[PDB]
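Residue numbers (the authors' numbering), protein chains in the order written: chain G, 7 to 803, 814 to 901; chain F, 752 to 851; chain H, 252 to 301.
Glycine included, C-beta positions come from ideal geometry on N, C-alpha and C.
What follows is a single structure, written as structure tokens, with notes after it.
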């Protein structure tokens, strides 16, 4: 079924030794990093915070990111929001209207105090989610009716509740609004098959502003944007060589189906690689979704030995090594080497010294040869640390000199470094196999260009093609040299010094293993740059700085994890191949998983960016604020499936203040539909008056008004009412400004009560600006209690400066037997709190201006329409019919 | 052509001009049959292609497959003594749509 | 080198109570100590053989 996995000659046939996969290694690669820190913190005295090192179910996290693509942030309703009501007074021609959007705006959070900053941030972020949740509707299948030919709307599909006002009107005013109730006609409804409903209703201004943004998304995001989406998935599937089906996609849009499209497929990969301390979490999220299920393959057993007649057989040189079987700990270490060859600069290796084991002394010497022709210490990347590359030379120095045949001559050099001699009769210089990390002299990549750029990658951040030992993935298909001439320079020099040093039977083993060796690397190259090409791969800006920061010891933000393997596992890893059987199960669905995860990251960045300025604007509400406060706030108002990806290496406990502040100030945004609503909802909350909290709270002594009634009905029909809310604030002169610091210094000195009464007796106005306060609106027909009358903008405890205020509406209801001076007392009553909002919340109007709020243009749909989502259909297996130019 | 919905409308226009169409270039193995009376509805007008449209989530996919087997058939006529000359001639002809 | 190597090595404070390259004059300054620095050389570094 694939041209590189058809074996004709029986050279690549061997026993299956093991089998590993994607979700098996990603659990294993996390159970080896966390067991290294829990090991070396249990042997030495560590003084650190008690953090836990556990391993999450990585298979479950990959399902919940996939499940997060099946949510609709909008909602489909038949009627719109009401957002308006009226309170009937004692009058018969004047009622006062109540906007219920500002009523529900108050009771979504808590009372904002000046003490706790992390509750203030969660109270703010609760209010922004209220505007996003309320004003996201579609208005499908509204009910209507016919009235004298003209197509008019139902009385309930507007935004006015008038059920309580009808018994108090006169017979004139009932028909005066009935001619206006039938004036809300559907626009050009006389023609059939319009496919839309246009009428005029009434909704509040922040709720109406997001509703236009939801229509403007469907205005633009359409079949052309789906044409751009599948056109990128064909470019990824072109590289990954995935077999297509016969079924193609035709862009035929039905007459009654409307598509929404929340996500876009070309993901800006800088958003994923900007999360702080996420270099390990972006590695396990690459193993868990792009490794193919494969099997380890032993070589052909007739490579070493030939049987001549019956009892005359060639004996291999490494016979006691081939006659061995790895234990469970040593087979674990082969899975660390093949996890280090596939991820070149990201996973390095070391030695794992343990004293409770007495191996053969010849296993260390042979493993010095194998490591010099399996790993890479070249000038482009490295698989082995600068200490393991040192300990693989002393193992070679203790192998080229342990001569068990007759002694060849050897001329040592002036230094005392390992491998400084000239072994052999023809005196081969052995200095070249000592590792130098700037040119890679001993190991692979000696004279080989092993990293190259051939064509632009679908992903714009990884244009590299890894070619281990100068071998391309096409040499399994169209070879260039014969079977004898399969070689490369890093291996061939190892043979012609192993021959020159008297070991001319050991080199005959490695010379007959070159075609198995180069076939191994022809599949590692076909795994890296064909299957492991994701968003979570390492970008080329970081990949070209891993080696020159390993040498100079500089602080790197992409610290490669160092696993460690034993000595004999260099031999067991030499004799396996990892021929992949099937590709991964979630390979085609993974671009949807990367796009859901990256879009949900960018909605957190815009919430943290707007919340970061709340100390620079109102510095007196937040004295005890630090940037870790809103970091906990937006994380709590976030899906838990995304936080499982960010906290894979437990990076949530190890990041400091200056790391989270940098990620806020970084320009990288993955767009979506939800970001097009959240960025809009922060525009309508930039003044905080639509969130029902403000700083302009005044305090001024005023008496309750005594109305001098002479006619009962004229006192009734005007609608007399008292309200502490201002209509216009006082001037810049004749006002005294306080601050939080000014009142705090006078409260402990005791002069605060003394300085107030001189102001409260000389007819001046004092302002308590600087700190925002929760505003609640109340209505009262009888006398309200005195805690509402002589309530204070502050409180006692020192003082509290962020006490919640109250707006009370005192309406008068009198009877026929009321004395005209019955409301006159000998001593009056006083009120103190007065507040300015600059919002027309509650205002007394006439009956002629009841339906004067019908000015909201609405666009609705017919009942035959279907609102369908097509975000689930973004898979790699779909090839569309007409290809994109 | 099927993306613009003009696939079956184009093929009807090629047949209405009395023109010829050719599909692909696959080697198209040949079977040979013989008939003495009334070959069935699949030998005549045997369509050498297939066009089927499916819809998943309101997307209107389509599958187009070219056939690979062709049939060369031979139609031997058989007449009898009790046949009038205006019996074999029909009011509208039966169409054959396979040429090898 | 299995201690300088785990993934917390970027932010770690290594405290070391003993410098390793010993100035060997301070061992050979103990007066008339030539036998004690021979019994200690035997009972630390002498290998057992056949």
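Of the other Cβ atoms in all chains shown, fewer than 16 fall within 10 Å of the Cβ of residue 850/F; this residue is therefore exposed.
Under the three-state reduction of DSSP output, residue 586/G falls in the strand class. In this model, residue 235/G and residue 256/G are separated by some 14 Å (Cα to Cα). Take residue 706/G, set aside five residues on each side of it, and the residues of its chain with a beta-carbon closer than 6 Å to its own are 771, 850, in chain order.
Taking a 10 Å sphere around the C-beta of residue 86/G, we find 16 or more other C-beta atoms and assign the residue as buried. Runs of alpha helix (DSSP H) with 4 or more residues, each lying fully within the stretch 362-442 of chain G, are found at 367-377, 394-403, listed in chain order.
For residue 226/G, the enclosing alpha helix (DSSP H) begins and ends at 211-226.
Residue ranges of uninterrupted beta strand (DSSP E) with 3 or more members, entirely inside the stretch 742-789 of chain G and ordered along the chain, are 771-773, 779-786. Taking 9 Å as the threshold, the shortest C-beta distance from residue 253/H to chain G falls below it.
For residue 898/G, the residues of chain F that pass the 7 Å Cβ criterion are 754, in the order they occur in the chain.
Excluding sequence positions up to five before and after residue 796/F, its CB lies within less than 7 Å of the CB of 846, 847, 848, all in the same chain and listed in chain order. The beta carbon of residue 761/F does not come within 9 Å of any beta carbon belonging to chain G, so the residue lies off that interface. In the structure shown, residue 250/G adopts coil according to DSSP, grouped into three states. The beta carbon of residue 634/G is closer than 8 Å to those of 663, 666 in its chain, skipping five residues each way along the sequence. Under DSSP, the beta-bridge partners assigned to residue 146/G are 877/G. Boundaries cannot be given for residue 890/G, as no beta strand (DSSP E) includes it and DSSP labels it neither H nor E. DSSP places residue 265/G in the uninterrupted beta strand (DSSP E) bounded by 263-266.
Within chain F, the residues 808, 809 have their CB atoms less than 7 Å from the CB of residue 884/G, given in chain order. Here the alpha carbon of residue 806/F sits roughly 15 Å from the alpha carbon of residue 890/G.
Just measuring C-alpha positions, the residue of 164/G, 101/G, 505/G sitting nearest residue 173/G is 101/G.
9 Å or more divides the Cβ of residue 406/G from the Cβ of residue 373/G. The alpha carbon of residue 416/G has as its nearest neighbour, out of 409/G, 423/G, 430/G, 424/G, the alpha carbon of 430/G.
Residue environment for residue 107/G: buried (at least 16 other C-beta atoms within 10 angstroms of its C-beta). As for any beta strand (DSSP E) of minimum length 3 sitting wholly inside the stretch 494-535 of chain G, there is none.
DSSP, read as helix, strand or coil, puts residue 130/G in helix. Residue 418/G counts as exposed, since fewer than 16 other C-beta atoms from the protein chains shown sit within 10 angstroms of its C-beta. For the pair residue 700/G and residue 671/G, the Cα-to-Cα distance works out to about 28 Å. Counting only the Cα atoms, residue 790/G lies some 29 Å from residue 166/G. For residue 296/G, the closest of 70/G, 681/G, 32/G by C-alpha to C-alpha distance is 32/G. Bounds of the beta strand (DSSP E) holding residue 302/G are 299-303. None of the residues of the stretch 601-630 of chain G has a beta carbon lying less than 7 Å from any beta carbon of chain H. In the DSSP assignment, residue 828/F is bridged to no other residue. Judged by beta-carbon spacing, residue 783/G lies within the 9 Å limit of residue 109/G, meaning their Cβ atoms are closer than that value. Residue range 812-817 is occupied by the beta strand (DSSP E) that includes residue 816/F. Boundaries of the beta strand (DSSP E) harbouring residue 861/G: 858-862, taken from the DSSP string. A check of alpha carbon separations from residue 362/G across 629/G, 833/G, 572/G identifies 572/G as the nearest.
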